[PDB]
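Okay, structure first, notes after.
We did not get these values from a lab; they are worked out from the coordinates using the rules stated. For neighbour counting, all protein chains shown are included, and Cβ atoms are generated from backbone atoms with ideal geometry for every residue, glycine included.
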Amino acid sequence: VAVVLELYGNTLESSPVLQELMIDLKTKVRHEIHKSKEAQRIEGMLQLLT
Amino acid sequence: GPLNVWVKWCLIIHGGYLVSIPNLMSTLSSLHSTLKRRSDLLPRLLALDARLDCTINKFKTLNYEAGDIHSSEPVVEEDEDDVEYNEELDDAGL
Amino acid sequence: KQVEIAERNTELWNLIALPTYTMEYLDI
Amino acid sequence: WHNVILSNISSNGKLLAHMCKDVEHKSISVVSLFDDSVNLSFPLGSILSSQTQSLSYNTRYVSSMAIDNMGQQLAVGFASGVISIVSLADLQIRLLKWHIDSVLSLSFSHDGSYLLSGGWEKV
Amino acid sequence: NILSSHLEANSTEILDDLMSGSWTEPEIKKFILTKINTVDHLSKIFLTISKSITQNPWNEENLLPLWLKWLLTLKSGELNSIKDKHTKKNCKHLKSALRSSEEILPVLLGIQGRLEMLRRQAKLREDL
Amino acid sequence: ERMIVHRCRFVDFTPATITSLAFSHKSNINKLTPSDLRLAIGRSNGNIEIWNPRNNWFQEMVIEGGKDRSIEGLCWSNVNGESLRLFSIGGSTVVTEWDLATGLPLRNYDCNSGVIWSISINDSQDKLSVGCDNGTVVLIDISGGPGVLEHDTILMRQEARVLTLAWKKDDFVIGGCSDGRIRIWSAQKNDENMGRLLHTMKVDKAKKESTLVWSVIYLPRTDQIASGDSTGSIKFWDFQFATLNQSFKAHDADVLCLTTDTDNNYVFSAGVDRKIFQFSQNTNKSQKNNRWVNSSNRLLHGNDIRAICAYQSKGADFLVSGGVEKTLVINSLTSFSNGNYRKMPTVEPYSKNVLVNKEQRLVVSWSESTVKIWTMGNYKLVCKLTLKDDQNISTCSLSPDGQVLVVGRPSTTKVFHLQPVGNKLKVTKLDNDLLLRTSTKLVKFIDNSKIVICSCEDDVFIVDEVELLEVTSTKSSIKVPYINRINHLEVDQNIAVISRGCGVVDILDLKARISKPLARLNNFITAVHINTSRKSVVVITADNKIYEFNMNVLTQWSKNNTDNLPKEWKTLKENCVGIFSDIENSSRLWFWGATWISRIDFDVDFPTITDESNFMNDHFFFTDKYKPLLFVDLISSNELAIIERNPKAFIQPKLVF
Amino acid sequence: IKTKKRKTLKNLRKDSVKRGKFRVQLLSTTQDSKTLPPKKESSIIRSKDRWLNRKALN
RNA sequence: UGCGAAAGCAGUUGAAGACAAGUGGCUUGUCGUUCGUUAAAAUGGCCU
């Protein structure tokens, strides 16, 4: 998705359809960074408990 | 998350027992492997968020700048202007 | 505040058609 | 002969052909070595088309060459990857065009019907 | 107002840190939008912010690097090959000043996990 | 304020796909080129146009048939000493023999069998072959000059839709048919097998698809026939002994046409994947073996090829091709790998299709049997008229008022007047029956009520009478009889100017209606325009030599600046089409071709294609950025309107690096 | 106001239908089909265009 | 290009010649040209 938004930036400007796909992809990235951050916290507390 | 709360609260309520257990990582080697598999890919998903936020924010401010036709447009194409003038000989005969 | 500035400057790090009628002008 | 940049021998050994680089451009010549039955020279701008007269240098770059056994079918292979077969009787050309990369090996068979070649991709 | 005086100072002289101070007195993403709506040759404020960021990457003030990252993600097109005298070593040691964050982010989340662990475990150790 | 411009991309006007073409003469490599060379294009909306390849390809005569008629085949007949004639087909069972006088089908022979699929004229041009759809091949004798067509014989029937035909001599007709097979009928007088076939040679088939040969031509030097079919398999068959000399699976899809040159060193094939390639037999050992090589390839097109042709001379040798994208591509023939090709523009509208007027700031745009009127201000697409009695449209001119619109058709031409009730018009037909029964080529609006009309019979009249002087008949005008035919006329307040395609331009009175010619031209007169200031008419021929003339003959501007013309005007490729004068200085004139615009003064002086033979007898401003150009003019004073043009296929994929 | 227009256009442009037992076709003006001779046989030129836009090629 | 850790550290960037094009000279470009510095663009894609 990084190389497709690198190569299709002006079509993102013109076309309205995949803008909501980019929007909820932003939400999916935020959901996944929240999940991986709390999993990193669990990795930290296991490094405490060892 | 709805059982990441479960996998943390067992640690929080009981920690000292499995600390005093002399072999932690040998029998807990699956869980922290799963969590490091979950957590080792942070930097390029930060890169994903950076480039995606850049592109969609640039598109959003440009669309907010140049979205000035959101009430009534796409005129000068009318079926009523075509109405019976596009016949122009059915009305001449009839 | 450390994780806030940390995520904000990792964001810094990874931040490192034809219309049918127009009106133009020409010269003389 | 004075300047050569590419020369190849007929596979039976009764002919060779070299290049000259004699400006009004770089030139091709074919010389029989035992007898003098065939000997000729021409600028390779005649072999070049006008599609290569103005574009990049890697289609003016002759990369490999070979001769038939008899002495009437020369073959050049250019660095873009076309293979211009030319005659030797009237200097008219023929476009064998499949190599996407540069042409390194090419040679006629023993009669002159089979141009056997091989380039950068391993075919 | 503050953005207008900042733009006048920026088109006037070398008061770019005072222009960052004036945009701090405005304190708005709308003010950042106003300054990036202002059109000129907007060079060398990147040089000021490169020196400031490389001398203080761990400063609590969000607003000046937020303003300049908004400038980077908005005017990210028209600055790439336009300057190459000092900008290559400038951005290179800027990037060298900014690698530290992504190499300390997992261990910072590890200390955050330890601290959340210790905090709520001491809250559970409540004594009736 | 400087000249404010309208980039206007409203009108969805396009010619339809070209399907067939044919040269007039024969090649004859070692002969000086004839002065009567013509090239006939036939598209898929029945508008057979003609071109003249000398002087950088000026289109002159259009013969347009209207709604629901096509042409998928045509050929020329030029016997030595008589009129060049076109025989074309429609979709259905009639060989239409057109005139070359005034665009009218002078004969329409309903052929007795089937539905026609292909014509092939015979050598010495006395016989003609059509191929029907029931299976027959019909021979039609054409002798006795124009107008005459008689059925001679039908040859032996079969059960295949006969697709393409070609003669060898006056004896053997080769016909490729829709089973796969190409058959060889004989049809010769005084011989015992007339009407009988001889061989059914069979092309190689394919299992998943009915293979059908789309074309076949004869090669006289190496006595062969080349066949192209619907698997791409271009096969070179031997004529006597009637079998396959060699084969090529060169092409990748349906081969649709092919040709050669006058001594058959080359065969150019072109199909539906647009890859036109050239097989050669040039070397002396290859013609000792008489064997063909797969010499060169060329891609040139966007979508298709549906027809091809070739021509040679001692001053001209080129190939002309066309397909379902609507253009016309010309390559040098004998230097196909070497030659600098040339794309034609899709519209070179030397018969214009869109007019404007400065009252109400309105633009009229007449498509086929349909007009559309709008006006300026944004804009509003005001009205759209369709006509059903009018089938093949022609010039459609508006008044110097938003009232009277005359729409032309060479059978029945009509007049309306226009009540602007605001956001829509109201169109009111008015019966002009002398107009409705005459035939009109040019309608030009002298005054606001009365108009002038040209005729399809070389007369000139006034609606709401006029005489002209005769013109001598040169032998080229005998050889092609629309050279002596009036092509342009311009009026403004009781003074007219006419100009044929012969090279003669006459003035015309209206208060007395006498001619007074002023000929002054060697080659074809492209565009004329009177000029009230200085009493001067401007002509411009196809050579892009501009002239102006004075009545009751020369200004030294026209004497000097013509041969000391600007440099773009010297090197110009696409010819001029339209002329008009300026708003403010009536002697500064702003005129235009279909790829450029030149605004010229009147006193500021300054210090391939066929070219062997003679003619058809025996402050400065220059801009380019509006290149798909339909029609430019002046809406009103400070503004200037361009009328521009704008928009599956075969997947020939571009390599990504 | 929706389809009455094209219905009356159809019933003025069509040829007549069978009254009683037999039918009656009209006969057009000879001063129409004298400058543009055929009508294109649609049932076979759609066949040639279908073959050229065959699905086997793309 | 040199070091080094998979990250980063320090630093290059010329001289001459030939040829071509464009406007007798003059502007622009290529190098199967020399010295010195450690310094994308031919419809063409892989067998039985």
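Before moving on, here are some points about what is shown:
- Picking from residues in the stretch F:333-351 that are of a type in the set (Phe, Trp, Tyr) and either within 16 Å of RNA strand H (Cβ to nearest atom) or within 12 Å of F:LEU300 (Cβ to Cβ) (or both), the one that is nearest to the chain's Cα centre (by Cα) is F:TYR341.
- D:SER80 vs. criteria buried (at least 20 other Cβ atoms within 10 Å of the Cβ), within 14 Å of RNA strand H (Cβ to nearest atom), within 14 Å of another protein chain (Cβ to nearest Cβ) and of a type in the set (S, T, N, Q): yes
- Qualifying residue in the stretch D:90-97 (condition: more than 11 Å from the chain's Cα centre (by Cα) and more than 18 Å from F:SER286 (Cα to Cα)): yes
- Checked against the criterion of being part of a loop (DSSP other than H, G, I, E, B) and within 25 Å of the chain's Cα centre (by Cα), the stretch F:125-139 contains one or more residues that satisfy it.
- Members of the stretch F:1-16 found to be more than 12 Å from F:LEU640 (Cβ to Cβ) and facing another protein chain (nearest Cβ under 7 Å), listed by number: F:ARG9, F:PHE10
- Here the condition is being more than 12 Å from RNA strand H (Cβ to nearest atom), more than 13 Å from chain F (Cβ to nearest Cβ), of a type in the set (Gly, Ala, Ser) and surrounded by fewer than 20 Cβ atoms within 10 Å (Cβ to Cβ); of D:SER109, D:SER27, D:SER87, D:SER102, it holds for D:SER109 alone.
- Selection count where residues are outside any helix (DSSP H, G or I), of a type in the set (D, E, K, R) and within 12 Å of chain B (Cβ to nearest Cβ), scope chain C: 0
Conditions tested, residue by residue: (1) under 30 Å from G:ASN53 (Cβ atoms); (2) crowded, with 17+ Cβ neighbours inside 10 Å; (3) among the β-branched types (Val, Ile, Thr); (4) more than 16 Å from RNA strand H (Cβ to nearest atom).
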| site | (1), (2), (3), (4) |
| --- | --- |
| F:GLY578 | no, yes, no, yes |
| F:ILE600 | no, yes, yes, yes |
| F:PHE621 | no, no, no, yes |
| F:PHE650 | yes, yes, no, no |
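- Residue pairs meeting the criteria (Cβ under 9 Å; at least 6 apart or on separate chains; first within 11 Å of chain D (Cβ to nearest Cβ), in the stretch F:269-287; second charged (D, E, K, R) and in a strand (DSSP E or B)): F:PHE277/F:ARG298; F:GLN278/F:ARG298; F:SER280/D:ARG94
- Elements of the type strands (runs of 3 or more DSSP E) sitting completely within the stretch F:1-50 and holding at least 3 residues that are within 24 Å of F:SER321 (Cα to Cα): these cover F:18-23, F:39-43.
- Test result for A:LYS35, within 19 Å of B:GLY1 (Cβ to Cβ), more than 7 Å from every other protein chain (Cβ to nearest Cβ), surrounded by fewer than 17 Cβ atoms within 10 Å (Cβ to Cβ) and not aromatic (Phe, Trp, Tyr): no
- Some residue of the stretch G:38-57 being part of a loop (DSSP other than H, G, I, E, B), farther than 30 Å from F:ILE305 by Cβ and polar (S, T, N, Q): no
- Residue in the stretch E:44-52 that is more than 14 Å from chain C (Cβ to nearest Cβ), surrounded by fewer than 17 Cβ atoms within 10 Å (Cβ to Cβ), out of contact with any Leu (no Cβ under 8 Å at 6 or more places or on another chain) and over 30 Å from E:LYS88 (Cβ atoms) present: no
Conditions tested, residue by residue: (1) under 20 Å from A:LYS37 (Cα atoms); (2) in contact with an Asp or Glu (Cβ under 6 Å, 6 or more places away or on another chain); (3) within 16 Å of RNA strand H (Cβ to nearest atom); (4) of a type outside the set (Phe, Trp, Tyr).
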{"site": "E:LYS88", "(1), (2), (3), (4)": "no, no, yes, yes"}
{"site": "E:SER96", "(1), (2), (3), (4)": "no, no, yes, yes"}
{"site": "E:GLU102", "(1), (2), (3), (4)": "yes, no, yes, yes"}
{"site": "E:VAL107", "(1), (2), (3), (4)": "yes, no, yes, yes"}
{"site": "E:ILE111", "(1), (2), (3), (4)": "yes, no, no, yes"}
{"site": "E:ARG119", "(1), (2), (3), (4)": "yes, no, no, yes"}
{"site": "E:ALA122", "(1), (2), (3), (4)": "no, no, no, yes"}
{"site": "E:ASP127", "(1), (2), (3), (4)": "no, no, no, yes"}
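- Residue ranges of strands (runs of 3 or more DSSP E) in the stretch F:569-657 with at least 2 members farther than 21 Å from C:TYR21 by Cβ: F:576-578, F:589-593, F:596-600, F:621-623
- Residue in the stretch F:67-100 that is surrounded by the most Cβ atoms within 10 Å (Cβ to Cβ), counting only those that are in a strand (DSSP E or B) and of a type in the set (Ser, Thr, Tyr): F:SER88
- Residues of the stretch D:13-24 satisfying the condition of being away from RNA strand H (no atom under 16 Å from the Cβ) and surrounded by 12 or more Cβ atoms within 10 Å (Cβ to Cβ): D:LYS14, D:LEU15
- Selection status of F:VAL363, surrounded by 19 or more Cβ atoms within 10 Å (Cβ to Cβ) and either assigned to a strand (DSSP E or B) or out of contact with any helix residue (DSSP H, G or I) (no Cβ under 8 Å at 6 or more places or on another chain) (or both): yes
- Which numbered condition A:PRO16 fails, given (1) of a type outside the set (D, E, K, R); (2) more than 7 Å from every other protein chain (Cβ to nearest Cβ); (3) more than 17 Å from B:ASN57 (Cβ to Cβ): (3)
- Here E:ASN10 does not qualify as surrounded by 14 or more Cβ atoms within 10 Å (Cβ to Cβ) and within 16 Å of RNA strand H (Cβ to nearest atom).
- Residue in the stretch G:24-31 that is at the interface with chain F (Cβ under 8 Å from one of its Cβ atoms) and surrounded by 11 or more Cβ atoms within 10 Å (Cβ to Cβ) present: no
- Residues located in the stretch D:90-99, provided they are touching a strand residue (DSSP E or B) at 6+ places or on another chain (Cβ under 9 Å) and more than 8 Å from RNA strand H (Cβ to nearest atom): D:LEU91, D:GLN92, D:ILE93, D:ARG94, D:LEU96
- Top-ranked residue of the stretch F:101-120 - restricted to ones that are surrounded by fewer than 18 Cβ atoms within 10 Å (Cβ to Cβ) and at the interface with chain G (Cβ under 9 Å from one of its Cβ atoms), ranked as farthest from F:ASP458 (Cα to Cα): F:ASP110
- Index of the failed condition, F:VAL371 passing every other in (1) within 14 Å of chain B (Cβ to nearest Cβ); (2) part of a loop (DSSP other than H, G, I, E, B): (2)
- Within the set E:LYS95, E:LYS30, E:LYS89, E:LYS69, the sole residue that is farther than 23 Å from B:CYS54 by Cβ, away from chain A (no Cβ under 14 Å) and not in a loop (DSSP other than H, G, I, E, B) turns out to be E:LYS89.
- The sole residue among D:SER80, D:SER63 that is under 20 Å from D:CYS20 (Cα atoms) and small (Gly, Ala, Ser) is D:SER63.
- Residue match in the stretch D:49-66 (condition: touching an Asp or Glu at 6+ places or on another chain (Cβ under 9 Å) and within 12 Å of RNA strand H (Cβ to nearest atom)): no
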